[PDB]
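Written out below as structure tokens is the structure these notes cover.
Here, each number is a calculation from the coordinates, and none is a lab measurement. In this analysis, Cβ positions are derived from the backbone assuming ideal geometry, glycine residues included, and neighbour counts consider all displayed protein chains.
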Amino acid sequence: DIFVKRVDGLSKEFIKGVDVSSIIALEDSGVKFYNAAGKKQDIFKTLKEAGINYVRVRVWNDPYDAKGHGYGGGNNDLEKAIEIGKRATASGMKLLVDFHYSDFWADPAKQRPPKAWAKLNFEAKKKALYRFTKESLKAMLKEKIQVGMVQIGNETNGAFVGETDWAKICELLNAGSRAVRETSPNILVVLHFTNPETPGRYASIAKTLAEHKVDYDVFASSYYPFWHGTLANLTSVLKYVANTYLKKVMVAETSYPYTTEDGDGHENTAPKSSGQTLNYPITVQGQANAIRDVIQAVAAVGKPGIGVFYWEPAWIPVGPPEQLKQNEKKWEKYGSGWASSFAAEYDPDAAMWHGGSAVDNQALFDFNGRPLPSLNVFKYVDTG
Amino acid sequence: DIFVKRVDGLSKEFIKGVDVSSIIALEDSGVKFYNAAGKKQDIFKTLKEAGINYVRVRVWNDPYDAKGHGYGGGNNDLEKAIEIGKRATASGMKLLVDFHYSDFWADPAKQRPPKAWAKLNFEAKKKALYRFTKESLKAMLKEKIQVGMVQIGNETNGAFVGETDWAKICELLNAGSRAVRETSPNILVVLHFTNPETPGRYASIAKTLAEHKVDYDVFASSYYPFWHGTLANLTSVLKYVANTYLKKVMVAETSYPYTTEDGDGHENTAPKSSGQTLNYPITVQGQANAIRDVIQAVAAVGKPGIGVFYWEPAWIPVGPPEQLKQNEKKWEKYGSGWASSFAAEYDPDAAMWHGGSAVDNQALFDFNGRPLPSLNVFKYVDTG
Amino acid sequence: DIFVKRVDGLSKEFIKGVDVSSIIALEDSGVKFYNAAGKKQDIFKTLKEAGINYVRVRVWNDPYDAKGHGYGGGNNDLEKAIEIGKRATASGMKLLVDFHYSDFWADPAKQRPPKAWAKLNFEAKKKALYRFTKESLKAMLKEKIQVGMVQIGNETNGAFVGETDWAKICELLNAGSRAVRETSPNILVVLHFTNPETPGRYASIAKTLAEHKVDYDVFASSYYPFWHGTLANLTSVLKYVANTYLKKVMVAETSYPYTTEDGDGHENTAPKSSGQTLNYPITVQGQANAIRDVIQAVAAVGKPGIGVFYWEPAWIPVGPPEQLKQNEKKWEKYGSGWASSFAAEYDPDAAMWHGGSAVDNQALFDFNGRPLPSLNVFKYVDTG
Ligand SMILES: [Ca+2]
Ligand SMILES: [Ca+2]
Ligand SMILES: [Ca+2]
């Protein structure tokens, strides 16, 4: 059904990853994932057979409310990251721990401190970050999970644990790096930023990190093709950082839609008519070719370009769109949606738009759990 | 009811035109047009009387799905254009053939190649574009349609038939230009770009067209007053091109609302609270002054500024807003909407928002076919 | 409940003001205001006790339609301002008269001339602005009202009473200033602009005002923190104007939401996920810390910073949100909301969105009329 062009220069070690952080709560809500034949098959088995060497997991320090009701988004905590890393190691895939350093979503607008860290001074907030990182990674490695990468923040574009000063922000990053660097010399320290379209942003960030002597190994970028610029920019800006500051580069989040349809009753973020550059048809091929070309752009940077991660490759519907009341009840109980009512105290946007998945049409599996043909793009970049 | 300030510098042959491409789908759906007295009258009779010398038609190569179902938007093909061009030529009106070179709406965001050309290579695309242009213009000429202009694309702001490369785009542009130039030395070659407000865009576009040696006679702009900036800009950016690159200039699309109301039950594009600069009142007089002032801005270029086309002056409601279900039938069955469901395969936006006209409140005819007093702006710009 | 950080630089006569222009229509809709103990108490008493020293009122020349149906927004006229100002002076508060010189909302996009002045020529409009200012302030001053401040226009960013030409704008500004100057030497002539984030804007405006010899005393800015940029911009740009042209600076409108929730059934204007910079929590404390921070940004200007006015601190709901049909009647028949259907003739945005309050979550009073802790920010800015 799907054919994609061969990407030139892919290493054998090129990181073909997926962030499946929603898996547990989907599974806690009775989602079932099959294979191409229609037989039940663990998503991580299917993922292996498709060529994926890596899994990315988000960790929130307390993604739950006062009475324990979960904020949503898969209620991603250490326990779920430990399960996912266990499941990922069994299937022969290395892990990336995306520490939000927040009790819920961290983006460029929302980089809130955890509730526990809210009342602390900059000095004490610095040591909790260090301890949280250290202790969390330590329990992970006790459960023999292969971590090749740890991320100090998610889209820390000018904010990080409540701080807007780059000087305070850099000091916080080095605390995470120190924990990582003490846990193992061979866990790469990843830094995550988005909006690569904005002119000069990635050059200025990289300077500011160098001027404030942050120890990082990978400068990572979100490149969602509908919001984050031309493919050429990605390669060029990523090249600058790697070539000028002798760092590695990779893409931490990409995704493209395969259907205009919604599978759960909660509006999905793309396609949309006004705010998004849609250069690839909204079909399963167009999806696959965007994943291909993002892999090419990272590759075209050079030996610096080391990988691409897809983001939520299976936030599939917990139920058909008609069964919304039933779906809502699942979303609230197990946080199988993007957010739940219980996040309204912590994330303003959740109060208004609590619900299900906004990415069920940008997943690489179909609404009923069987894999789409676009999931085979991670093999096809080496072949064609 | 309405008066307007005279425009100085209007040539006897100044192009006072309207793009009435919805007429056939509206007529097939039961919409009927009248005169000011109130008796039934063909829109081209009324239009001729109002002083219009030109009609503009859009041509999509196959504006239909596989089973023959129209994409909507008037289901505009060669056949509907030939009808319109004959009807126009009967009423003393020259025709402008706007080739989208797509199977649906072509805009800066969407320049999807025709389904047949989608699987072609660059060299074949270039050959088909020539042939389609030559054959299509030939059929019209055989029917003795008087064609004065042909557009090679619609708002080709850095896209054209699936191409984002200005070298490749100009090559494709020249293909059409050749067919026009072979058919007659007396059919002007219009090139259509939009967003005049953006600083430097029309100057850089014109430069690329000279560097890559494109043959065009007219540099056309879209100027909807709510989206595209000052009247002074339009005149200056169109003048620069005219005197620097020795080309003529015109406005190919302009519209303004006369009511805030919706007449068909599909949300209208303007007026809007957030995104639009509405400097004229949303009244029939406000409409008329907007048009007059866009006619003056073009005439303020001088002898290069050759005309103003109003876009969809008569996309009037196929049924009252309370007859929506009956309207949905006509919208789908006859293409009397902006897009039907059958475009969801080609246009992502159609699946989300299929339905009727969003420019019914910007028409120079009222909801029930009777010409508005603003239709005489084309008359009054000379008398005063 | 709430604490705030003290502000250094704070005169004894620093202006701690509120725009309570919605009060009569809300009171005319049975909205009732209480104290902190649940005991009915005039809003102006509670306002006085909270540290507030100033009230701002908005004057529309005819906030009503043809048949006397009020446009909305508090149906604010000279009579309502004389009531509000009277009640202001009784509770020890000086007044600011914001003249929109429009029959409804005056903003950067909408600066419509009053209906009576709409058919007038430029010169007649200058006398009419002058008489209106003179006679309106004369009636006020005959009722004991202490006017310390008169504002000529509301956010006159390139448009004022119908004119988009800075030359004609300035002449009109000098018309009102004269009548204030002719009313009393001590009343302060305020000029009001918004979007300070845009680079160059306030410095540009300030030259034009000086180059065209406008008599003003205060350069006033709108600073809503979710749309208008950094606090350092506010201080910088206000500093520059005040130090470069020897004027005074102040913030005339600022506000921040205390709840995600709506109280009256009409969508509120912030918080919003899609397009705003919310850097304070959507809680009463975050509200309080925002107001403090805009006081410190004005304070940081120097002695030029003369105060900050909170906007509509009490546009609380007429009735709980489920009571929508019953609410509409009050909004429509008392102008208890931002606009009513009768305004659709004058302001297009009213046709689409006529209704109730979009600031009810940004009020310093709760949904049931009791003060919120943040209303005491004006006390705590000197204490801590
Ligand atoms: Ca969904
Ligand atoms: Ca409509
Ligand atoms: Ca409301």
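Quickly work out the residue C:267-to-residue A:274 label distance, labels modelled 7 Å from Cα along the C-beta direction, and quote it in nm with one decimal.
1.0
Residue farthest toward the positive end of the dipole of chain C, with Cβ of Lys/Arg at +1 and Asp/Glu at -1: which of C:118, C:384, C:137?
C:137
At residue C:90 and residue C:124, where each label point lies 7 Å from the Cα along Cα→Cβ, what is the point-to-point distance in nanometres?
Computed distance between label sites residue C:90 and residue C:124 equals 4.1 nm.
When N counts the residues of the protein assembly as shown, how does its alpha-carbon radius of gyration compare numerically with 2.2 N^0.38 Å, as a ratio?
0.99
Would you mind checking the radius of gyration and Dmax of chain B based on alpha-carbon positions, in Å?
19.4, 56
Per residue of the range B:322-332, in order, report the coupling 6.51 cos²θ - 1.76 cosθ + 1.60 (Karplus, θ = phi - 60°) as ³J(HN,Hα) in whole Hz, putting x for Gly and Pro.
8, 9, 4, 4, 5, 4, 4, 5, 5, 4, 6
Once you sort the root eigenvalues of the Cα gyration tensor of the range C:84-228 as a ≥ b ≥ c, which label holds: rounded (a/c under 1.5), prolate (a/b larger than b/c) or oblate (the other case)?
Judged from the Cα gyration tensor, the range C:84-228 comes out oblate (a/c at least 1.5, b/c at or above a/b).
Return the whole-Å distance between the Cα centroid of the range C:116-173 and the Cα centroid of the range B:94-154.
56
Can you flag which of C:168/C:247; B:39/C:119; B:119/B:330; A:16/B:126; B:16/B:333 are past 30 Å Cα-Cα?
Over 30 Å apart, Cα to Cα: B:39/C:119; B:119/B:330; A:16/B:126; B:16/B:333.
For the range A:185-260 and the range A:306-333, what is the centre-to-centre distance using only Cα atoms, to the nearest Å?
Cα centres, the range A:185-260 to the range A:306-333: 28 Å.
Can you give the charge dipole size of the protein assembly as shown about its Cα centre, rounded to the nearest 20 debye, using +1 on the beta carbon of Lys and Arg and -1 on the beta carbon of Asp and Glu?
Approximately 1960 debye in magnitude.
Suppose we look only past 16 Å in the calculated P(r) of the range B:5-123. What percent of the Cα-Cα pairs does that tail hold?
67
Would you kindly state the longest site-free stretch of chain A, with sites defined as trypsin sites (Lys or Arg not before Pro) in a DSSP loop (not H, G, I, E, B) surrounded by at most 14 other Cβ atoms within 10 Å?
The longest such stretch corresponds to A:214-384.
Out of C:162, C:89, C:204, whose Cα points farthest toward the positive end of the dipole of the range C:15-383 (charges: +1 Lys, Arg; -1 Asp, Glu; placed on Cβ)?
C:89
Say the dipole of the range A:1-77 comes from +1 at the beta carbon of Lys and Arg and -1 at that of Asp and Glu; which of A:59, A:7, A:26 then lies farthest toward its positive end?
It is A:7, whose Cα lies furthest towards the positive end.
Could you calculate the FRET efficiency of residue C:323 with residue C:201 from 1/(1 + (r/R0)^6), where r is the beta carbon distance between them and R0 is 41 Å, rounded to 0.05?
The computed FRET efficiency comes out at 0.45.
Taking square-rooted eigenvalues a ≥ b ≥ c of the alpha carbon gyration tensor, is the range B:136-211 rounded, prolate or oblate, where a/c under 1.5 means rounded and, failing that, a/b exceeding b/c means prolate?
prolate
Using only atoms on other chains, find how many Cβ atoms lie within 10 Å of each Cβ of peptide A:254-264 and report the average.
1
About its Cα centre, what dipole magnitude does the range A:291-377 give when the only charges are +1 on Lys and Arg Cβ and -1 on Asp and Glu Cβ, stated in debye to the nearest 20?
Roughly 320 debye, rounded to the nearest 20.
Could you compute the net charge surrounding residue C:203? Neighbours are other residues with a C-beta less than 14 Å from the C-beta of residue C:203; K and R count +1, D and E count -1.
+2
Amide H to amide H under 5 Å from residue A:58: which residues, 5+ apart in sequence or cross-chain, H placed 1.01 Å off N in plane?
It is A:21, A:98, by chain and number.
So what's the Cα pair-distance distribution over the range C:38-85, bin width 10 Å, in %?
23, 38, 27, 11, 1
Evaluate the Kirkwood expression for the hydrodynamic radius of the range C:1-47, namely the inverse of the mean inverse distance over all pairs of different C-alpha atoms, and round to one decimal in Å.
Averaging 1/r across every pair of different Cα atoms and inverting gives 13.5 Å.
Give me the one-decimal Kirkwood hydrodynamic radius in Å for the range B:219-325, with the sum taken over alpha-carbon pairs.
By the Kirkwood definition, the hydrodynamic radius is 15.0 Å.
In the Gaussian network model of chain A, springs joining C-alpha atoms below 10 Å, which of A:352, A:140, A:93 carries the largest mean-square fluctuation?
Judging by the Gaussian network model, the answer is A:352.
How far is it, in nm, from the label point at residue A:3 to the one at residue C:383 when both lie 7 Å from their Cα along the line to the Cβ?
Going by the 7 Å Cα→Cβ label model, 7.8 nm.
What's the average, rounded to a whole number, of partner chain beta-carbon atoms within 10 Å of each residue's beta-carbon in C:344-354?
Whole-number average of other-chain Cβ neighbours for C:344-354 is 4.
Could you list B:295, B:282 so that the one with the fewest beta carbons within 10 Å of its beta carbon is first and the one with the most is last?
Lowest to highest Cβ neighbour count: B:282, B:295.
What list do you get for A:123, B:155 if you sort them by fewest beta carbons within 10 Å?
Listed from fewest to most nearby Cβ atoms, that is A:123, B:155.
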